[PDB]
């Protein structure tokens, strides 16, 4: 898990999407300091094993001067960069031309644009179209469109209104994780259910990807669900990436999760009649929804401690 790293630059956003896992908005104040982020980026650029550095938010193009400065710190080290954005900056074709020129010159290998019925009140369809159309001039930047959907807001008209600008662009529609604004602003019956507490053989985490988050903590993946858990990899303010990687690889809970899957934790809760007490829902839109419900409090994580200690003694 030491070839990729991500930094969440800010919780601030121009949009206020009703599903947002971070409840991002123009008035969000959670963020690491700029100088601290410059130090993280410099360290990641100098690191010999990191190949990709990804930026997310919040909206990373909101303070473009700062994003460009960070990409310029990485440039002499030739690391690959990925960006994700709501594409608000697409409104002006001249701006789109400037940003694609910079992304091309700064080794940005992927740009993901999010557009759907939740983002639509904040960004015009023309802005998204301008970005997607201009991307054809930069075939080495992998362009994708992310569409967050619910049963009542499936983004069918959104895709039709993008017209031919989406031709050649990989589109993925995905359901909601019940975190952040999605917990209170979306009816739970409108969130698709694909998994249940019974299909335990398909309950496996897809893998870890280190994220240095805007709350100043470090998380083992970039799923919306993880940020409401108490699973953090930070032990001190000035912690190296070597130490973050070592902690991830020696975390007993994450080791058991990787090796045994969610059924190991779910069976303990079932045998001890803790499913209702810990508010574990019966159905979920994603395996991450199971993850988030198991570990979103210190009580829940600490409940598993004697079981994980017994697992360590029997297998190590």
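Residue numbers count along the first chain shown, from 1.
Mean C-alpha temperature factor, higher of 197-205 and 228-236:
Averaging CA B-factors over each stretch, the winner is 197-205.
Would you mind comparing 279-287 and 51-59 for me and telling me which has the higher average C-alpha temperature factor in the entry?
Looking at the record's C-alpha B-factors, the answer is 279-287.
Reading the B-factor column of the entry, which of 223, 190, 114, 82 has the highest value at its C-alpha atom?
Comparing C-alpha B-factors across 223, 190, 114, 82, the top value belongs to 190.
Could you tell me which third, lowest, middle or highest, the C-alpha B-factor of residue 10 occupies within its chain?
Ranked within chain, residue 10 CA B lands in the lowest tercile.
In terms of the chain's CA B-factor thirds, is residue 185 lowest, middle or highest?
Ranked within chain, residue 185 CA B lands in the highest tercile.
By the recorded C-alpha temperature factor, relative to the other modelled residues in its chain, which third is residue 100 in?
Middle third of the chain for residue 100's C-alpha B-factor.
What third of the chain does residue 138 rank in for C-alpha temperature factor, lowest, middle or highest?
As the PDB entry reports it, the C-alpha B-factor of residue 138 lands in the middle third of its chain.
Comparing residue 90 with the other modelled residues of its chain, is its CA B-factor in the lowest, middle or highest third?
For residue 90, whose C-alpha B-factor we compare with every modelled residue in the chain, the answer is the middle third.
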